[PDB]
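Novice: task: produce atomic coordinates for the following.
(one chain, ligands or ions: 1)
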Amino acid sequence: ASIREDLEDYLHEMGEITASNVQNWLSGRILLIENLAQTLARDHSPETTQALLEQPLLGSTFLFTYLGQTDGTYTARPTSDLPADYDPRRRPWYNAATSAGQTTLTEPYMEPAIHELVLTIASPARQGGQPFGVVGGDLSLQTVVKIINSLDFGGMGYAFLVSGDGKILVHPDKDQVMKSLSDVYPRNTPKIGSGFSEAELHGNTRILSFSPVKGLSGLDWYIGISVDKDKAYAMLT
Ligand SMILES: NC(=O)CC[C@H](N)C(=O)O
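Specialist: Residues are numbered from 1 along each chain as shown. Here you go:
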């Protein structure tokens, strides 16, 4: 009975190493948003706000870096054509940073300017006590998925980012973004947890593991790993 399933050890290690890569990837990028939010606290004048958002280290980092203020003032670099009714305080990155009260990440949404799926690192900007706005920075979803799948598999498996309640955040399949884990596998579903789960894909049988992304205070995000069950048993010696 050679039913030794190290596959179980492989999935839960690849899941944590991938989670650590995403954990380390957001390190510097959250650091850039915080340093910007802390700098706009001591001076948020329009001339200083303009030149603060034009530094090249933010240009090569985020698609858009911006500050939405409590009175509705909006400043963003690079400049883009936004809807006429654009109000930053009614945007998800404003509510996410406000409701979280700290540096947080938004669920993927549709960029209004370039019409591409993005994620925002939004941090509240406070002069101490009362806040005056929210600093944000957009990350292209195609860039994020590549970090999720930085580790190589044998074409048997892929990695994706799913939230705690089961909402898929980034997935290599562009149409399955923001779908629920229940919406993907109709036959009764896997659930986030320690255990491995077995479900069926489109003409394929998959095994799923879940390793949480630590370090993100307040965000219970998990790195999911679907692997082709039959393909997964590549035996050695
Ligand atoms: N032009 C911009 O800076 C857009 C900001 C961001 N994409 C938003 O959803 O508001």
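Novice: give me the distance between residue 34 and the ligand.
Specialist: Distance, residue 34 to the ligand, by C-beta to the nearest ligand atom, to the nearest Å: 18 Å. All C-beta spots, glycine's among them, are computed from the backbone N, C-alpha and C.
Novice: how is this structure carved up into domains?
Specialist: Here the domain parsing of the chain from CATH domains of a matching chain is 4-31+140-237, 32-139.
Novice: helices along the protein, start to end?
Specialist: Taking DSSP state H as the criterion, the chain contains helices spanning 7-42, 46-52, 56-59, 92-100, 141-148, 181-184, 229-232.
Novice: which residues of the protein lie near the ligand?
Specialist: Contacts of the chain with the ligand, taken as C-beta under 6 Å from any ligand atom, map to 64, 66, 76, 80, 82, 91, 111, 112, 113, 138.
Novice: show me the contacts for the last one.
Specialist: Meaning residue 138. 62, 63, 64, 65, 111, 118, 119, 120 (C-beta atoms under 8 Å, 6 or more residues apart in numbering).
Novice: same thing but at 10 Å, please
Specialist: By C-beta atoms under 10 Å, 6 or more residues apart in numbering, the contact set of residue 138 is 61-66, 76, 93, 106, 109, 111, 113-114, 116, 118-122.
Novice: repeat that for the fifth one.
Specialist: Under the criterion of C-beta under 10 Å, 6+ apart, the contact list for residue 82 reads 74, 76, 88, 112, 113.
Novice: again, but for the fourth one
Specialist: Each residue near residue 80 by C-beta under 10 Å, 6+ apart is listed here: 63, 64, 66, 111, 112, 113, 114.
Novice: how about TSV for those, with neighbour count added?
Specialist: Formatted as TSV, these follow (neighbours: other C-beta atoms under 10 Å):
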residue	neighbour count
63	19
64	21
66	25
111	17
112	13
113	17
114	12
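Novice: quick one: which two of those residues are the most distant?
Specialist: 66 and 114 (13.8 Å; C-beta to C-beta).
Novice: picking that back up, which two among the contacts of residue 82 are spaced furthest apart?
Specialist: Farthest pair in these, by C-beta to C-beta: 88 and 113, 13.3 Å.
Novice: any shared contact partners between those two?
Specialist: Taking C-beta under 10 Å, 6+ apart as the criterion, residue 88 and residue 113 both touch 76, 82.
Novice: possible to save the helices of the chain as CSV with mean neighbour count?
Specialist: CSV is the format used below for the helices of the chain (neighbours: other C-beta under 10 Å):
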stretch, mean neighbour count
helix 7-42, 17
helix 46-52, 13
helix 56-59, 13
helix 92-100, 19
helix 141-148, 18
helix 181-184, 17
helix 229-232, 15
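Novice: now distance to residue 196 too, for those helices, in a markdown table please.
Specialist: Formatted as a markdown table, those follow (distance: least, C-beta to C-beta, whole Å):
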| stretch | distance to residue 196 |
| --- | --- |
| helix 7-42 | 6 |
| helix 46-52 | 47 |
| helix 56-59 | 41 |
| helix 92-100 | 31 |
| helix 141-148 | 19 |
| helix 181-184 | 14 |
| helix 229-232 | 11 |
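Novice: out of those, which gets nearest to residue 219?
Specialist: When the helices of the chain are compared by C-beta to C-beta, helix 92-100 sits nearest residue 219, at 8.4 Å.
Novice: circling back: from the contacts of residue 82, which is closest to the ligand?
Specialist: The closest of the contacts of residue 82 to the ligand turns out to be residue 76 (C-beta to the nearest ligand atom; 3.4 Å).
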